[PDB]
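What follows is a single chain, given as structure tokens, in the form deposited in one PDB entry.
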């Protein structure tokens, strides 16, 4: 078992804290959903390779430009998160989060993750977004943004239903293992 480090970046509304919690518990909290995530070391076996993947959140560091980069040293894989129910989170990816991560984490693979995929066909989400001349992020819009920012890959998941969550972290492990 080799040790690798994962950091998740994105706007607070991207659901990054929830994603780390649901993955680390292999359960969406039934009684209480924690406000914060400390850290976790997940035991993962991907394609026959055992890895200890340390997980870190950046929530709470968004307004602190000198505190926030302290989470980046020795990162092996980045999860760049946006929420499918929020086109505004996707817009902050190419010129806010992407140049920051490429500066502090040069040559580190980035996986662009479209969170809350269960809201793409949610009637309440569609009605709410239509008030600001918006709609849920389309799969091609996510892939095109991932392609543009030089992401290693594009993935989607739902922390609510757990669909695609395990796949995201197993792929992040494969990317962290690459040369």
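Positions refer to the first chain, counted from 1. Only residues modelled in both forms are compared. C-alpha atoms forming the largest set that superposes within 1.5 Å between two forms make up the rigid core.
If you look for the form deposited with a small molecule bound, you will not find it shown, but the lines that follow are about it.
- Taking the partner from elsewhere, residue 22 is found to have a heavy atom lying within 4.5 Å of the small molecule in the entry with it bound.
- The small molecule in the entry with it bound is not approached by residue 128, whose heavy atoms all lie more than 4.5 angstroms from it.
- Interface residue remark: residue 165 is counted as part of the site for the small molecule in the entry with it bound, having a heavy atom within 4.5 Å.
- The small molecule in the entry with it bound is not approached by residue 123, whose heavy atoms all lie more than 4.5 angstroms from it.
- Large C-alpha shift between this form and the one not shown, rigid core held fixed: of 134, 27, 50, 61, this applies to 27 alone, with a displacement of 2 Å or more.
- After superposition on the rigid core, only one stretch of three or more consecutive residues whose Cα atoms move by at least 2 Å between this form and the one not shown is found, at 26-28.
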